[PDB]
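[1] Build me a structure from this.
(one chain, ligands or ions: 1)
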Amino acid sequence: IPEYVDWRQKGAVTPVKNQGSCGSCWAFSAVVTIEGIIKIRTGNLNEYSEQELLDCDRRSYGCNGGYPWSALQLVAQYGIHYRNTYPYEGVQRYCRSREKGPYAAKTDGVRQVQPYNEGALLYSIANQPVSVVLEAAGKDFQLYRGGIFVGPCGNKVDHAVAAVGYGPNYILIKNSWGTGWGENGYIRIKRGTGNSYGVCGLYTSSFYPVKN
Ligand SMILES: *[C@@H](C(=O)O)[C@H](O)C(=O)N[C@@H](CC(C)C)C(=O)NCCCCNC(N)=[NH2+]
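    Residues are numbered from 1 along each chain as shown. Find the structure here:
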């Protein structure tokens with residue numbers, strides 16, 4: 001795998017979104033990985049519906065949090081609508097998948113990256129954007145403005161985001177806090193520190209969709 005990966009330069013990443021006050025990060029992270037795998041496999045970059053996962057993922061808890069893996073498994077079992085068809089409202093509502101016509105895209109499954117393994121996560125990023133989790137509660141992460149982030153942070157992961165690239169000393173992360181946070185909505189998190197958890201627990205729980 002190459003020294004640098006940046007799925008933004010390969011046209012596989014849509015604009016940065018803002019989840020608002022709703023605890024929907026798990027759905028945004030999952031959606032980032034779906035947009036990426038659909039672009040990689042079909043050549044077209046589309047925006048898909050975070051709201052659909054918020055409403056319809058019966059295993060997750062709407063705005064009270066959820067699981068990127070349940071969201072990816074929902075997209076693999078049923079499918080997902082375009083963001084236009086099922087726009088983001090920032091609040092959990094009734095599942096409206098049947099009333100919005102056929103799904104726009106569908107995947108074939110979900111694979112987990114081997115946790116606590118930097119190379120395994122890098123390998124999965126070299127193939128596609130990956131859903132990852134991290135500890136975002138610390139002021140230092142919340143206030144991140146730019147540069148390669150080294151912390152301080154613990155490993156008590158609480159926030160799902162998406163890894164869309166990496167470099168020799170960092171992993172490139174798409175957050176869902178709007179374009180005004182970090183590096184136009186992105187953060188570069190130091191890697192290669194030898195801590196098995198990853199900086200901010202970045203290697204705790206990583207999933208990506210599979211689409212043949
Ligand atoms: C993330 C966010 O929107 O910032 C959101 O709070 C979230 O999904 N958190 C996850 C943490 C994982 C690392 C993704 C979470 O807490 N998931 C489990 C959901 C269960 C909590 N809620 C209820 N009602 N039981």
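[2] could you pull out the strands for this protein?
    For the chain, the strands defined by DSSP state E occupy 5-6, 109-112, 130-134, 148-149, 159-167, 170-174, 186-190, 207-210.
[3] Go through those and pick out the most buried.
    strand 130-134 (a mean of 30; mean count of other Cβ atoms under 10 Å). The C-beta positions use only the backbone N, C-alpha and C, and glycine is treated the same way.
[4] Alongside the ligand, which residues does this structure contribute?
    19, 23-26, 61, 64-67, 133, 157-160 (Cβ under 6 Å from any ligand atom).
[5] Give me the most central residue, the chain.
    Centroid-nearest residue in the chain, with Cα atoms, centre = their mean: residue 29, separated by 2.3 Å.
[6] so who does the closest residue to that residue other than its chain neighbours touch?
    Of all residues not flanking residue 29 in the chain, residue 160 sits nearest, at 3.8 Å (Cβ to Cβ, 6 or more residues apart in numbering). With Cβ atoms under 8 Å, 6 or more residues apart in numbering as the criterion, the residues that contact residue 160 are 25-26, 28-30, 68, 131-133.
[7] can we see that at 6 Å?
    By Cβ atoms under 6 Å, 6 or more residues apart in numbering, the contact set of residue 160 is 25-26, 29, 68, 133.
[8] beta partners for it?
    residue 133 (DSSP bridges).
[9] Scan this protein for its longest helix.
    Longest helix in the chain, counting residues (DSSP state H): helix 25-42.
[10] tell me the angle that helix makes with strand 170-174.
    Relative orientation of helix 25-42 and strand 170-174, computed by axes from the mean of the first three to the mean of the last three Cα atoms, to 10 degrees: 100 degrees.
[11] Output helix 25-42 as CSV - backbone C-alpha positions only.
    Once non-C-alpha atoms are left out, helix 25-42 reads as follows in CSV (Å, rounded to 0.1, in the frame of the first residue of the first chain):
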residue,chain,number,x,y,z
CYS,A,25,-22.2,10.5,14.4
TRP,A,26,-22.4,6.7,13.9
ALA,A,27,-24.8,7.2,10.9
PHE,A,28,-22.6,9.9,9.4
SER,A,29,-19.5,7.8,9.7
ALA,A,30,-21.3,4.8,8.2
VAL,A,31,-22.6,7.0,5.3
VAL,A,32,-19.1,8.3,4.6
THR,A,33,-18.0,4.7,4.1
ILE,A,34,-21.0,3.9,1.8
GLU,A,35,-20.4,7.0,-0.4
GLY,A,36,-16.8,5.9,-0.7
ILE,A,37,-17.4,2.3,-1.6
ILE,A,38,-20.1,3.3,-4.1
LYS,A,39,-17.7,5.7,-5.8
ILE,A,40,-14.9,3.2,-5.8
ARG,A,41,-17.0,0.4,-7.3
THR,A,42,-19.2,2.4,-9.7
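[12] Just the buried residues of it, please?
    Neighbour counts over helix 25-42 (16 or more other Cβ atoms under 10 Å) mark 25-40 as buried.
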